[PDB]
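Scroll down for the structure; my scribbles are underneath it.
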Amino acid sequence: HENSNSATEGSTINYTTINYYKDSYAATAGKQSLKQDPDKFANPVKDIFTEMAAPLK
Amino acid sequence: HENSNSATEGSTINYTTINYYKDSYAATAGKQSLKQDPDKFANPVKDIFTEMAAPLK
Amino acid sequence: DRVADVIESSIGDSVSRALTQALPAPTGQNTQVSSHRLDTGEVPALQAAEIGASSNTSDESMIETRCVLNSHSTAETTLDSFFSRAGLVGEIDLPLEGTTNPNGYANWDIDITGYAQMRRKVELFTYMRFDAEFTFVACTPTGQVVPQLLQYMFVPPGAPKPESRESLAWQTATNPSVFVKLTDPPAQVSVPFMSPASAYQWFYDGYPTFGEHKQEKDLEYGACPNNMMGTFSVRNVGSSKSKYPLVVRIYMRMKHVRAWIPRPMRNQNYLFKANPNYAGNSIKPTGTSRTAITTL
Amino acid sequence: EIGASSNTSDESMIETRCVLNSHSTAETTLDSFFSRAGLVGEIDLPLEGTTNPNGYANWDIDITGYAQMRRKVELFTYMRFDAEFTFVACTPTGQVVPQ
Amino acid sequence: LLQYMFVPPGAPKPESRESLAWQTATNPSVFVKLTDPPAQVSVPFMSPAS
Amino acid sequence: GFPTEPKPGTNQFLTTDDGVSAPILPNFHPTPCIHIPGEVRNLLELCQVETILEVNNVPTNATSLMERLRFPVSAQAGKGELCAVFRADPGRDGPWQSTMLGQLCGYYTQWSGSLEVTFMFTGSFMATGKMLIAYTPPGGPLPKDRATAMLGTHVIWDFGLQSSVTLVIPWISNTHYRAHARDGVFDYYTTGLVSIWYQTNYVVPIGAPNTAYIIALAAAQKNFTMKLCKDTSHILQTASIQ
Amino acid sequence: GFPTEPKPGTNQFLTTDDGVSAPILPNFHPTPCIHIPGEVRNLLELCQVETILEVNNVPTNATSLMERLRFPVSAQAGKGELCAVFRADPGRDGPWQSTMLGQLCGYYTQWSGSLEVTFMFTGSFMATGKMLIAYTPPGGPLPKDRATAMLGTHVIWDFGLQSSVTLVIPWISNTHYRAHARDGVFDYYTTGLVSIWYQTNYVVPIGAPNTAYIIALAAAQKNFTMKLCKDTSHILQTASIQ
Amino acid sequence: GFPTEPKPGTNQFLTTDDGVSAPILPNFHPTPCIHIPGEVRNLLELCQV
Amino acid sequence: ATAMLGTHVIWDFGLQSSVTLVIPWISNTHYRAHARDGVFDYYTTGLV
Amino acid sequence: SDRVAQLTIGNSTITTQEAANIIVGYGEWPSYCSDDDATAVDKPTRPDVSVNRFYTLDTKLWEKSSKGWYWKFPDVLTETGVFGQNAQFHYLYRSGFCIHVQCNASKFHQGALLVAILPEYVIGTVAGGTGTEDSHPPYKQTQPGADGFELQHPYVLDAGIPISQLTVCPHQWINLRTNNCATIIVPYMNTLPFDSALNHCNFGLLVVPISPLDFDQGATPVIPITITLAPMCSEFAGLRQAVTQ
Ligand SMILES: Cc1cc(CCCCCCCOc2ccc(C3=NCCO3)cc2)on1
Ligand SMILES: Cc1cc(CCCCCCCOc2ccc(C3=NCCO3)cc2)on1
C-alpha cells in the first residue's frame, strides 16, 4: 500500500495529493480544505458579547 | 504473467512492490510486514518462567 | 468508600476546553443589505479594546450597505500556499584557491536562519511542522555549467562528518547521498519531518544543558537541539584537485505545513543565525515617517 | 545464568502511568537497514601506471573490501538477497568525460 | 546558468546580479541552463480588472 | 522503451512548481504530533487581529520611538480643529506598516475587503469629549475642514465607559481587488483618507491632565482576502547573516 | 512520442532511493531457500538481548582488557560507600559501547524506550549483601552520597539464590525521542545517571574470598524503537583493506 | 525507473504546439469575470459586419 | 510574599464597600478549647 | 455582571470590581497531558491545591518614564512555594497559568498598560551598539525569576520585534479610565508534553506602558503594578533530588 509518514498525519485538514514513492512525505503539497478560526486570536474571550452590546456591563 | 524469482520467495513475510520487468527480483524493496520474535534470542529457554517468579526453583 | 473530593476532582482531564471552532471559509464573507438604524441600547461601533479582543463591528452596522456576493477565494492564504515556495537557505563555496573550503569538500551546518527572506517568513510563527523539498543548484561563480561530478551527503547528528575529500565517510553505506553532474539539472530530493520534537522551534527561550550558565556559556541561550538536524556535506568525487571552482545553492520548499503561535514580524535587520540580536545604535522605526500627524 | 534476558517490565519496577506508544518499528527492518546503496568496489583505469594500463580491469566481486558496508553485513552470519548495482564513473578529478 | 524571476508590482526589484531579492523566497523563479530546452511556464489571469 | 517526447520546460527548476521528489529516508516515521495551542490554518486568521497602528509615525529619536504608538488629543479652544490624518491604504508605506495586517500584505500583490480601525481613548475617567473620524473615498483630496470631511463616511465618537470606538473603512473600490498603492500612478489603487476632527472638545475638570492620548488598533474585516503572493519589499537586510 | 517534461532530480543517483532497474539475468531462478535457524526480522529483536556492559571501562593494558567486563564489590567498613557509576545514555561513548544495543544505536540517529540493566553477582555462595542501584533522571548531578541517590528511581538488591537483579531505566524524557547524547549541547538528550551504593555491606565467613565481582548485562525494553538511521561513527578503519 | 524511448521532436519548441506547463502561482484564483457587453466568440462574427 | 502562601484574598475597593475573609476551620482536632499563650497555644487558630 | 469578578484556586481568592472580562490564551483551557500525547512512562504527581493557587510575586512602580517589564514564566515561580519544590525535585514539568496583573489609580489619573503573553520569548542584545559584536543576554536577563526585568528597548521588545504587533498574542490592556486589572489564562504551550521548568521558559509576560501615566500634582504619585499568578493542572514526573538550575 503506502507508508503514512507525512508531517500532516492525523491532521484535521483533508488533502488530495500525488505521489510515486512508498513514503507519503514525498507526495505533492496539494490542494486542501479551507477552514478558518479567527476567534482563536481575534476573540479569545471567555464570555462572548455580540457587537450590538456594550462590551462592558 | 511474471517470473517468481526474488530472494524473498516463499518468505513468510508479505511485501508490496513495484516492477516493470518480467523478473521479480528487479522489483523495488517495498514496504512490508512488521512481525517480530524477540524470544528467539532473548528467551530461547525450554521451560518458560514468568517475571513474577524466581527463575530458579 | 471514596472521599468525594476525589470523585469530582477533575484532575486528569486530557482534553482541552476549546471555546472556538474552525468553520469553512473558501470565500470572503459576503455583505448583506443594511438599512438605517436609529435606536438606543444598541451600539455596534462602541468597543472596549482593554478586553483584548478585536472589534466585531460589521460594515452593515456602520453604514447602509448594499448586497455583495463575495466569491473571492481564500485559498492562496493557506500555510501551504504561503510557504510551499522554494527559497534560498544555503550557499556553499568550493573554490580552487582560497581559505574558505579548499581540499575539495565542505560541511554546511543545516540551518535555514542564514538568509533574511526565508527566515522572516518562518519567524512569523513560533512552531512549525513540515516536510520539505531540497533542491541543489550547482555551477561555477560565473554561473557557468561545467562537466563535474559531485556527491551530496546528508550527515545526521552523530554520524562521522567527513574530514577530507577522500574521507572514509563518503562510502555513505547508510547515510543518504546523491551523485550529480553539474550538467544534469539541479538535484532535488524529498525530506520528512525529522526531529524528536513535534515541531521545529524558531524561538527557544531557554538553555539546553542544565549547568552553571556563566558568561562564557551565554552562547547556548536559545540553542534548541531539536532543530539541529545535522550537517549537509559535499565533495567533488575524486582524489585530485577539482579543476573548476564551484558553488552550490540550497533551496528549500516546505510542504505539508502546520504552524502555531504567530509572533510579531521581524522589525530590525538580522545579524546572526539563531539569535535575535539587533543593532542597538541603529534601531529604526518599523516603517516610514512623516513630518506631522496632520499632513501626508 | 539461564541465558535469557530479564523479562522484568517497567510496571513492576515503578508505579507507571499509561502511555500509548505509536512509534513505528518500520525503520528497523532488515530491508530498511540494508537497502541503502554503499560503496563496495573501486576500479582504476589510469593512462600511465602499474595498476591497470592497457585500458581494462578485472575486479573480483567481493564486498568485503570496504569497512562501512562490510561491518553492517558482518552483523549476521547468513544473508540472502537481491541487489542493485550502480556504477559511478569519471576521472580522478571528478570530471565528466565523453568516453 | 540563468535565473528568471517574476517580480509582481510591489516586490523588491533586483538592483544587481547579487541582489538579495534573488533569494526568491516567495516570488516564482526559474533556473535554467541555456543548454536545456527553452524554459516554458504557465501563467494565470492575474489582474484586479476582469 | 515506451515512446516519449520531452517538451519545453524540461529540466527547469521552478521555485513554485509543486511536484514530487525521491524521499531520502525509506520507511522513516516522524515524531507523533502532540496537540499544541494556537494552531494557524490561514493567514487571514491573523489579518483580523488588531495591532497598533502608528498613526503618529513622526518621532525618530530612538528614545521617542514608543511615542509613535499613540497620538494626543487635548483641550482645544476653537471649533472643528484637526487632530490627525492618514492614508487608508494598508499595503502602502506609512502608519499601516506597524500593523500585522500591513506586514502580511507585503507578502501579497493584491487585496480586497473592508478595514476597521478601533481608537481607544486613554485619558482620565473624568475627561469627556466627542470626535469625528472620517473616511474619505478615492478622488476626495484631504478635507480642509470638518464641514468638508463629514461629507464622507464617518462616525462621531463619544468618550465614555466604552473606551474605544471602531471606524469601519468599507470596501469602496472600482476594482474587485487592489494592488499596493504607491504615489506614482499606482495611486490609482489608493483606498482613501482618514481624518480625525474635534466634534465638540476635550473637556476636563480642574485637577486632571489637560492632554491625553488615543491609540489606534487596526485590522481587516471578514470580507477581506488577498491574492497573488510576492515577496515583501519593506525589508531586506545588509551584511550576510553571520 | 508521448509528451513528457523531466523535472529536477533527473539523473541524480540517490543512495537511499528505492526504485527499479533492469535485471541482468532473464528467467534466472535462485537456489531454493532451505529452512535455517535463527532468522532475524527486525533489529529491535537484537536490542532486547542482554550483552555485557563494560561498566568498568577503565583498564587498557591489553592484558587486562577482560577486566572491563566486570566490576568488584568487596567487604567495606563504612556505610553507604559508592561502588560504581555510569551514564544511562546508550548511544553515548562509554560503557554502553560494549553492548550490542549501543552498537546498533550507532546506526540510528534517535531512539526511544525504557532500558534494563541486569547485574549478576558472581561471588561465593557464602557471601551475602545488599546493594542499592539508582537511576538519576536528567538534571540531577551525580549523587554525592546514597542518601541523595535514593531520592531517584532505584532498587535495593539482595544477594541470594537469584544471582542477579535487574534495574529498569524507565523512559523518562521530555521529548518523544532522543538523539545521541554527547557532552556539548547534545547533553540535552542525556538519559541520566546510574550509581551503585552499598545498602548494608558485603558480608562473608572466614574461608571465603574477601572480594568478588558483579557483571552487568544490558538491553532495551519492549517499548524501545529507533528511527532515522545514519552511519555508525564509533568506528572507521585506516589503511584500505588489503 | 519506467522504460521510455524519446523520439524526434524532443526539446523542440513549436509555437503552435498546444501542451501544458507548470503553473507559476499555486492556488491562485483570478478576479471574477463580470458581465461585459459585446463578447466575441468567433472572428466570423466580425466578417459579417 | 510570605503571607500570601497561606489562605488569602485580594480585596479591591469599589461600589461593594466590603469584602469578607473566611477563616476556614483548619484544625487537627474536631474541637478547640480556648487558646491562651502557655501550652494551650496548641489550640491556636492562626494569624490574620 | 462583567466588570466584577472573582478568581478562586487552591486557598486563594482574587477580587475585582473594574475588570475587563477574561482572556483565554488561543482559546483553550489548561488541560492535563493525554495518555497518547505523553512519553514519560512514570506515573506523575498532580499536587493539585498545594501548587495550583495564586502566588502574588511582585510589585513594580509605574512612573511617567517607565519603559515596561517582563517576566519569563515557568521560572518565575520556582523557589516559591510547594510549586517551586516540585519543580526542582522533578525533571519534567507541565502546567497552564491564570495570570492576574493588577494596578489601580483614581478617576483623575490616566494611562494604559499592555499586558501580553509572548510564548518562547527569546531575548536579544544590542550587539554592542554597532551590531558587530555577537553578545548574548545573561542568565540574569533571560531568566530573572520574580522581580522580573525592565525592558531597555520596548519598541522592539529587546528582541528586534515590533511591540506594535504584540497584540497577536493573548493580551489585555489596563486603561485606568476603564479598568484596574488584566486576567489571562494560558494553556501549556510547548512542542513537548513535558519539559524542564528550569532550563525552559514556555512564555514571557509583558507589561508595557503604551500611553504614559500622568496626573496633576497632589494626587498620590505611587501607582504600583502587582503580578499575581496561579499554575493550573500542574503535573510533574522524573523524580530525583532537588536541583536549582
Ligand atoms: C540527499 C540529501 C538531503 C539533504 C539535506 C536534508 C536537510 C533536511 C533539513 C530539515 C531542516 O529542518 C530545519 C528546522 C529548523 C532549522 C533551524 N535553524 C535555526 C534554528 O531552527 C533548520 C532546518 O542532503 N542530502
Ligand atoms: C551488468 C553487470 C552486473 C554486474 C555485477 C553483478 C554483481 C552481482 C554480485 C552479487 C554479490 O554477492 C556477494 C556475496 C558475498 C560476497 C563476499 N565477499 C567476501 C565473502 O563474501 C560478495 C558478493 O556487472 N555487470
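The way I read the labels, and the way they are meant: chains A, B, ... in the order of the C-alpha cells, residue 1 as the first residue of every chain, and ligand 1 as the first ligand shown, with later ones counted on from there.
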* Give as a list in words every residue of chain D that touches chain F within 10 Å, counting only C-alpha atoms. =>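 That gives the following set of residues: residues 21, 22, 23, 24, 25, 26, 27, 28, 29, 31, 32, 33, 35 and 36 of chain D.
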Which residues sit within 7 Å of ligand 1, counting only C-alpha atoms and all ligand atoms, listed as a compact mmCIF listing (two decimals) with C-alpha atoms, in the first residue's frame?
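Below is the file that was written, part_10.txt:
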```txt
# COMPACT_ATOMS: atom_id res chain seq x y z
CA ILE C 110 21.84 22.60 8.25
CA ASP C 111 20.34 25.84 9.46
CA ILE C 112 17.79 27.89 7.50
CA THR C 113 18.25 31.03 9.61
CA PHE C 134 15.51 20.42 -1.13
CA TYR C 152 26.00 15.44 -1.59
CA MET C 153 25.62 13.57 1.68
CA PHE C 154 23.19 14.17 4.50
CA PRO C 176 21.70 9.10 2.02
CA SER C 177 23.97 10.55 -0.65
CA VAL C 178 23.37 12.00 -4.08
CA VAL C 189 15.04 15.40 -3.13
CA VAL C 191 12.83 15.28 3.16
CA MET C 194 12.74 14.62 11.29
CA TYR C 200 10.67 22.76 14.70
CA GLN C 201 11.05 25.71 17.07
CA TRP C 202 12.13 29.05 15.65
CA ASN C 227 16.36 21.90 15.49
CA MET C 228 19.93 20.83 14.77
CA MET C 229 19.20 18.26 12.08
CA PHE C 232 24.99 18.58 4.71
CA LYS C 273 21.76 32.92 12.94
CA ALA C 274 19.60 31.53 15.80
CA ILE F 24 15.75 10.40 1.36
CA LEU G 14 20.17 8.80 -4.61
```
Which residues come within 8 Å of range 74-89 of chain G, counting only C-alpha atoms, excluding same-chain residues fewer than 5 positions away, as a CSV table (one decimal) with N, CA and C atoms, in the first residue's frame?
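Here's the written file out-v2.csv:
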```
chain,number,residue,atom,x,y,z
G,55,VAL,N,31.0,-1.7,32.5
G,55,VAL,CA,30.9,-0.6,33.4
G,55,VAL,C,32.3,-0.2,33.9
G,94,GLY,N,31.3,5.4,26.1
G,94,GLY,CA,31.3,4.9,27.5
G,94,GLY,C,31.1,3.4,27.6
G,95,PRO,N,30.5,2.9,28.7
G,95,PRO,CA,30.3,1.5,28.9
G,95,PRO,C,29.3,0.9,27.9
G,96,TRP,N,28.3,1.6,27.5
G,96,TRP,CA,27.3,1.1,26.6
G,96,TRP,C,27.9,0.7,25.2
G,135,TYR,N,18.9,5.1,39.4
G,135,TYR,CA,18.8,5.8,38.2
G,135,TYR,C,18.4,7.2,38.6
G,145,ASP,N,26.2,11.1,47.7
G,145,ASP,CA,26.1,10.0,48.7
G,145,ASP,C,24.8,9.2,48.4
G,146,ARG,N,24.7,8.1,49.2
G,146,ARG,CA,23.5,7.3,49.0
G,146,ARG,C,22.2,8.0,49.3
G,169,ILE,N,15.6,1.2,33.7
G,169,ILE,CA,15.8,2.6,33.5
G,169,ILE,C,14.7,3.0,32.6
G,180,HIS,N,21.5,10.9,19.9
G,180,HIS,CA,22.6,10.5,20.8
G,180,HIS,C,23.1,11.7,21.6
G,181,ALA,N,23.3,11.4,22.9
G,181,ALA,CA,23.8,12.5,23.8
G,181,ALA,C,25.3,12.5,23.7
G,190,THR,N,20.6,13.7,27.3
G,190,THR,CA,21.1,12.7,28.3
G,190,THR,C,20.0,12.0,28.9
G,191,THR,N,20.3,10.7,29.2
G,191,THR,CA,19.3,9.8,29.8
G,191,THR,C,19.3,10.0,31.3
G,192,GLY,N,20.5,10.1,31.9
G,192,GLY,CA,20.6,10.3,33.3
G,192,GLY,C,21.8,9.5,33.9
G,193,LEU,N,21.8,9.2,35.1
G,193,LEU,CA,22.9,8.5,35.7
G,193,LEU,C,22.6,7.3,36.6
G,194,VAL,N,23.4,6.3,36.6
G,194,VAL,CA,23.3,5.1,37.4
G,194,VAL,C,24.4,5.1,38.4
G,195,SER,N,24.0,4.9,39.6
G,195,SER,CA,25.0,4.8,40.7
G,195,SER,C,24.7,3.6,41.6
G,196,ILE,N,25.8,2.9,42.0
G,196,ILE,CA,25.6,1.7,42.8
G,196,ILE,C,26.2,1.9,44.2
G,197,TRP,N,25.4,1.8,45.2
G,197,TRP,CA,25.9,2.0,46.6
G,197,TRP,C,25.7,0.8,47.4
G,198,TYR,N,26.5,0.7,48.5
G,198,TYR,CA,26.3,-0.4,49.4
G,198,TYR,C,25.2,-0.1,50.3
G,199,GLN,N,24.1,-0.9,50.3
G,199,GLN,CA,23.0,-0.7,51.1
G,199,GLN,C,23.4,-1.1,52.5
G,200,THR,N,23.9,-2.3,52.7
G,200,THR,CA,24.4,-2.7,54.0
G,200,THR,C,25.9,-2.9,53.9
G,201,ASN,N,26.3,-4.2,53.5
G,201,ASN,CA,27.7,-4.5,53.3
G,201,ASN,C,27.9,-5.9,52.8
G,202,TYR,N,29.0,-6.1,52.1
G,202,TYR,CA,29.4,-7.4,51.6
G,202,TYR,C,29.9,-8.2,52.8
G,203,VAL,N,29.1,-9.2,53.2
G,203,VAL,CA,29.5,-10.0,54.3
G,203,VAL,C,29.9,-11.4,53.9
G,204,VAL,N,30.9,-11.9,54.6
G,204,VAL,CA,31.4,-13.3,54.2
G,204,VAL,C,32.0,-13.9,55.5
G,210,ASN,N,37.5,-12.3,50.1
G,210,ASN,CA,37.0,-11.0,50.6
G,210,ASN,C,36.6,-10.0,49.6
G,211,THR,N,36.7,-10.4,48.3
G,211,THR,CA,36.3,-9.6,47.2
G,211,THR,C,35.8,-10.4,46.0
G,212,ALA,N,34.7,-10.0,45.4
G,212,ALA,CA,34.1,-10.7,44.3
G,212,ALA,C,33.7,-9.7,43.2
```
What does the list of residues within 10 Å of ligand 2 look like if you count only C-alpha atoms and all ligand atoms, written as a ChimeraX atom specification?
/D:40,59-65,70,73-74,78-87 /G:22-25
For the residues selected in the previous step, produce a file with N, CA, C and O atoms as a tab-separated table (two decimals), in the first residue's frame.
```
chain	number	residue	atom	x	y	z
D	40	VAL	N	31.27	-0.46	-2.45
D	40	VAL	CA	31.82	-1.79	-2.20
D	40	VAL	C	33.01	-2.09	-3.11
D	40	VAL	O	33.79	-3.02	-2.85
D	59	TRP	N	37.79	-6.84	-11.65
D	59	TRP	CA	37.55	-6.72	-10.22
D	59	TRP	C	36.88	-7.98	-9.70
D	59	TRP	O	35.79	-8.34	-10.15
D	60	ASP	N	37.54	-8.66	-8.77
D	60	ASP	CA	36.98	-9.87	-8.19
D	60	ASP	C	35.81	-9.37	-7.35
D	60	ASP	O	36.00	-8.56	-6.45
D	61	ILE	N	34.60	-9.84	-7.67
D	61	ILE	CA	33.38	-9.42	-6.95
D	61	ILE	C	33.41	-9.88	-5.49
D	61	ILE	O	33.11	-11.03	-5.17
D	62	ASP	N	33.75	-8.94	-4.62
D	62	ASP	CA	33.88	-9.21	-3.21
D	62	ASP	C	33.54	-7.93	-2.45
D	62	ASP	O	34.27	-6.95	-2.55
D	63	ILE	N	32.46	-7.94	-1.68
D	63	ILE	CA	32.09	-6.73	-0.94
D	63	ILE	C	32.83	-6.48	0.38
D	63	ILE	O	32.60	-5.46	1.04
D	64	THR	N	33.71	-7.40	0.76
D	64	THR	CA	34.46	-7.26	2.00
D	64	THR	C	35.63	-6.25	1.93
D	64	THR	O	36.41	-6.13	2.87
D	65	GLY	N	35.72	-5.50	0.83
D	65	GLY	CA	36.81	-4.54	0.68
D	65	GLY	C	36.67	-3.17	1.33
D	65	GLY	O	37.66	-2.44	1.44
D	70	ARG	N	30.93	-3.54	4.93
D	70	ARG	CA	31.35	-4.81	5.49
D	70	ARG	C	30.85	-5.05	6.91
D	70	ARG	O	30.27	-6.09	7.20
D	73	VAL	N	26.96	-5.88	7.24
D	73	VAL	CA	26.60	-7.23	6.90
D	73	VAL	C	27.22	-8.24	7.85
D	73	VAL	O	26.58	-9.23	8.19
D	74	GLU	N	28.45	-8.02	8.32
D	74	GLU	CA	29.06	-8.98	9.22
D	74	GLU	C	28.33	-9.05	10.57
D	74	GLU	O	28.81	-9.67	11.52
D	78	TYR	N	24.49	-15.35	7.97
D	78	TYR	CA	24.00	-15.68	6.64
D	78	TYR	C	23.08	-14.62	6.09
D	78	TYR	O	22.29	-14.04	6.82
D	79	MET	N	23.18	-14.36	4.79
D	79	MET	CA	22.32	-13.38	4.16
D	79	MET	C	21.91	-13.75	2.74
D	79	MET	O	22.73	-14.18	1.93
D	80	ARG	N	20.62	-13.60	2.46
D	80	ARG	CA	20.06	-13.92	1.16
D	80	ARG	C	19.41	-12.63	0.69
D	80	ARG	O	18.70	-11.98	1.46
D	81	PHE	N	19.65	-12.25	-0.57
D	81	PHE	CA	19.09	-11.00	-1.09
D	81	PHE	C	19.42	-10.74	-2.55
D	81	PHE	O	20.31	-11.36	-3.14
D	82	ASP	N	18.69	-9.79	-3.12
D	82	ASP	CA	18.94	-9.38	-4.49
D	82	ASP	C	19.65	-8.06	-4.29
D	82	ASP	O	19.72	-7.56	-3.16
D	83	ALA	N	20.18	-7.47	-5.35
D	83	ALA	CA	20.87	-6.21	-5.18
D	83	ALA	C	20.80	-5.31	-6.39
D	83	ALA	O	20.55	-5.77	-7.51
D	84	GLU	N	21.02	-4.02	-6.16
D	84	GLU	CA	21.01	-3.05	-7.22
D	84	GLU	C	22.42	-2.48	-7.29
D	84	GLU	O	22.87	-1.79	-6.37
D	85	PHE	N	23.13	-2.80	-8.36
D	85	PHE	CA	24.47	-2.30	-8.53
D	85	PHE	C	24.46	-1.06	-9.38
D	85	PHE	O	23.89	-1.04	-10.47
D	86	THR	N	25.09	-0.01	-8.86
D	86	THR	CA	25.18	1.25	-9.58
D	86	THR	C	26.66	1.56	-9.77
D	86	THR	O	27.46	1.44	-8.84
D	87	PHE	N	27.03	1.95	-10.99
D	87	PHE	CA	28.42	2.25	-11.33
D	87	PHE	C	28.66	3.71	-11.68
D	87	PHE	O	28.23	4.18	-12.74
G	22	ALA	N	16.84	-2.67	-14.59
G	22	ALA	CA	16.87	-3.82	-15.47
G	22	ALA	C	17.57	-5.01	-14.85
G	22	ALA	O	18.63	-4.87	-14.24
G	23	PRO	N	16.98	-6.20	-14.97
G	23	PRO	CA	17.58	-7.42	-14.42
G	23	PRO	C	18.63	-7.96	-15.38
G	23	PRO	O	18.40	-8.05	-16.58
G	24	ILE	N	19.79	-8.32	-14.84
G	24	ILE	CA	20.86	-8.82	-15.68
G	24	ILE	C	20.65	-10.24	-16.20
G	24	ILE	O	21.14	-10.59	-17.27
G	25	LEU	N	19.92	-11.05	-15.45
G	25	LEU	CA	19.69	-12.43	-15.88
G	25	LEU	C	18.25	-12.78	-16.15
G	25	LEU	O	17.47	-13.04	-15.23
```
Identify, with DSSP run on backbone atoms, the residues in range 95-268 of chain C assigned to strand (DSSP E or B), and express the list as a VMD selection string. chain C and resid 105 to 109 125 to 139 148 to 155 157 159 177 to 181 187 to 191 200 to 201 206 231 to 236 246 to 262
Using only C-alpha atoms, I'd like a table of the residues in chain J that come within 6 Å of chain F; for each, show the closest atom pair and its distance in Å rounded to one decimal, ordered by chain and ascending number, as CSV.
```
residue,atom,partner,partner_atom,distance
J:26,CA,F:38,CA,4.9
J:37,CA,F:34,CA,5.3
J:107,CA,F:125,CA,4.8
J:108,CA,F:124,CA,5.4
J:109,CA,F:124,CA,5.5
J:110,CA,F:124,CA,4.5
J:111,CA,F:122,CA,5.9
J:155,CA,F:66,CA,5.7
J:164,CA,F:52,CA,4.7
J:165,CA,F:51,CA,5.0
J:167,CA,F:51,CA,5.7
J:177,CA,F:125,CA,4.1
J:215,CA,F:209,CA,5.6
J:216,CA,F:207,CA,5.7
```
